[PDB]
Amino acid sequence: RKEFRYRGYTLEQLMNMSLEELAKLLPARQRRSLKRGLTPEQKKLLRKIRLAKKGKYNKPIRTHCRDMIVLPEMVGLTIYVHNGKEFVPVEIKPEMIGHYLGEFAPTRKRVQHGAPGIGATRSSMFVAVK
Amino acid sequence: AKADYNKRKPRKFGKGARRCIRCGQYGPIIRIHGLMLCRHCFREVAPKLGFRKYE
Amino acid sequence: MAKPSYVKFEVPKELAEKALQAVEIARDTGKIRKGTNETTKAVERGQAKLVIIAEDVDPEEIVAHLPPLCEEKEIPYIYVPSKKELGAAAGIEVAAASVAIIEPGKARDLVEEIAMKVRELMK
Amino acid sequence: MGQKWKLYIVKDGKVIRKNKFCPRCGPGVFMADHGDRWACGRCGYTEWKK
Amino acid sequence: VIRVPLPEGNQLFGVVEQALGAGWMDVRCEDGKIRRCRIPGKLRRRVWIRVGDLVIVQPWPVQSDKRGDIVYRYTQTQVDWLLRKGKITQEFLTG
RNA sequence: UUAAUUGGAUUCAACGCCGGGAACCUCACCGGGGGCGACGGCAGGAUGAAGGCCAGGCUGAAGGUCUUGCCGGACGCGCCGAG
Ligand SMILES: [Mg+2]
Ligand SMILES: [Zn+2]
């Protein structure tokens, strides 16, 4: 219980596995996305992760495609996302494969509440507007 | 190319796929039996399209 | 088409007249291809009908291109005195080099006379 | 706007122009001299220039 | 950023203590001398001022003691907003 | 509360109302990127303006710019008024 096993297959046991034999080990949504092909932008992004995986492209990977499905290629490195105004780092670990990329870059600031004002109740609605 | 930055995209569904044939707005458009007009223009052109109000 | 600091040979005047005033009547009938580096490819093919190469251009770097391409093609041509009637012979008001136009119509006897004169003169 | 149309290798007595014609369009229009491919400039061509 | 009635020109900050009557407002500013604000006629219609409303006024170079004049009010979305910037210290309102 | 949480309507006669069941568009809102001056005159222009591309950087992605050099054949927001 220190190694990670997804469906009985270790990381480097599945790291060399294919992409059509892979999808039988993912839930519906990701199996279907892997079956209607990848979008053009995600092609352009995989063709920048693989270079950054061999020896080249030692430069921060950025993106707008929050839809990309994490895969056994991306385990280990640290890529960015775009949560609306800025690029936020997501250090990819195992136990993320299957989830969505944008799933880890939240998008609305947590809310903390002040105090009710003029109109929050029927006792301060017409007693203010004269 | 300066013709690649003022040119739109060819949608084929969603509110932005159809516009009124006479006014030019997206939104509440009539698609019954084919004619494609606003809900506002169909009301002030209908009695010339043949329609009548019986009840 | 050098600058007059290049003693190739002389310049007669009937040639100047019947090939420079022979452009207006030749522009209102056909097709003009002005400029120097515009026709170089068409004469490289051999498309030039009435090429009239100038003597106004400097420095001596892109001035001689048809004379060194002369001994490889046939080039029915003349020599040009100046530039004002050469831009104004067809088109615009800028310094012109070689209004080498294809099918100059209604102006063919001046060809039959002067093109062959400058043929049997030199090349 | 300067002046740039030259170096189409040329001397007196004979000529052998530097860059070839265009196989795509008619003859007369030249090619590139980038150093790795004859890009043909406008029509698209990457023969890894000879 | 934000458009707030900062001191522009020679403006003053009016935080009132009591309405003696007929429009006179005794104000308690960080300056010290008892100033007595009065009101123009453009706002006497659409707005509603009372005590505790830190607002902006304008003083007059005559005697610099009992002066001030409303030109614009403050809404509850600004009165305490103006604390974090420290543009005004609220302890000029509890002593 | 927020970078933005776009606006109009406040008794009857405002609140499943604007045919408003908004993933893109709709979109008017916050972050970023790029294009647009019919027409009269100005610096300039066939010794070649406006204007366009194989490949590579910057970039979220892009001949959008720059590297690289090819092409196209007359006009010109680099300047003023107008539209
Ligand atoms: Mg939207
Ligand atoms: Zn309509």
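Shown for chain B, in order and in Swiss-Prot numbering: 2-56.
Header says: electron microscopy, 3.3 Å.
Every residue gets a Cβ built from N, Cα and C, even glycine.
Secondary structure from DSSP puts B:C42 (Zn(2+) binding site) in coil. Non-local contacts of B:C42 (Zn(2+) binding site) by the CB criterion (under 8 A, 6+ apart in sequence, same chain) comprise B:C21, B:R23, B:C24. The Zn(2+) binding site annotation in Swiss-Prot covers B:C21, B:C24, B:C39, B:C42 and is backed by sequence analysis.
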Shell of the Zn(2+) site beyond B:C21, B:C24, B:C39, B:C42, same chain only (C-beta within 8 angstroms of their C-beta centre): B:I22, B:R23, B:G25, B:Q26, B:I30, B:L38, B:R40, B:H41, B:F43
Least surrounded among the binding-site residues, given as B:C21, B:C24, when other CB atoms within 10 Å are counted: B:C24
Cβ-Cβ distance under 8 Å to B:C39 (Zn(2+) binding site), same chain, at least six residues away: B:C21, B:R23, B:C24, B:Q26, B:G28, B:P29, B:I30, B:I31
